[PDB]
Amino acid sequence: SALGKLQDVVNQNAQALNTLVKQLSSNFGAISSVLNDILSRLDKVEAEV
Amino acid sequence: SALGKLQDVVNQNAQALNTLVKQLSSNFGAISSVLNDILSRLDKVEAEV
Amino acid sequence: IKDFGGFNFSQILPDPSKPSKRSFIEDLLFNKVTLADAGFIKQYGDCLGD
Ligand SMILES: *[C@@H]1O[C@H](CO)[C@@H](O)[C@H](O)[C@H]1NC(C)=O
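Protein chains in written order, with the entry's author numbering: chain Z, 943 to 991; chain W, 943 to 991; chain R, 794 to 843.
Okay, here's the thing in structure tokens:
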């Protein structure tokens, strides 16, 4: 019984970690896109000035 | 046999988590450097204008 | 900015073709119900006396 409970806990933790990794990758892609757009706007403003 | 398999799974998960933490720290340092450079450029542009 | 795609957390038994091994451990049924003797334990012992 204890081994089954521990296995279920480990499986739940693994699923949670997979979801966390997916959400982290999505958020990092979004942040990278935002930073690229910010750098482009900065370069444009500097050139215009 | 089940205990050995579970121990191997836990060790693999721990190694993966360590690698994830290292990569996360590296990416956060990179993002912090990018944000610092962006803030410096913003201050410079504001002062120049 | 490296992507987090190489992190594959493995499970124990996600879907191993649904084995469903029936153990059915009958350890409680392994009791020794020993039979009694041929008597002369309470009847003869009380009938003989001294
Ligand atoms: C992890 O590996 C298993 C088999 O090794 C595969 O079925 C699964 O799709 C992989 N998951 C990810 C997120 O790469």
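Positions of the beta carbon are idealized from the N, C-alpha and C atoms, including for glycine.
Cutoff 8 Å: residue i Cβ touching any chain W Cβ
{"i": "R:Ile-794", "result": "yes"}
{"i": "Z:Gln-965", "result": "no"}
{"i": "R:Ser-816", "result": "no"}
{"i": "R:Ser-803", "result": "yes"}
{"i": "R:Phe-823", "result": "no"}
Residue i: CB within 7 Å of a non-hydrogen atom of ligand 1
{"i": "W:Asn-960", "result": "no"}
{"i": "R:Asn-801", "result": "yes"}
Any chain Z beta carbon closer than 8 Å to residue i
{"i": "W:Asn-969", "result": "yes"}
Residue-level contact to chain R via CB, residue i, 8 Å cutoff
{"i": "W:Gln-957", "result": "no"}
{"i": "residue 931 of chain W", "result": "Only positions 943 to 991 of chain W appear in the structure, and residue 931 of chain W is not among them; the question remains open."}
message: Report the start-end ranges of each alpha helix (DSSP H) in the region 800–829 of chain R that is 4 residues or longer and not cut off at the edges.
response: none
Any 3 or more C-beta pairs closer than 8 Å across the region 968–981 of chain Z and the region 969–978 of chain W: yes
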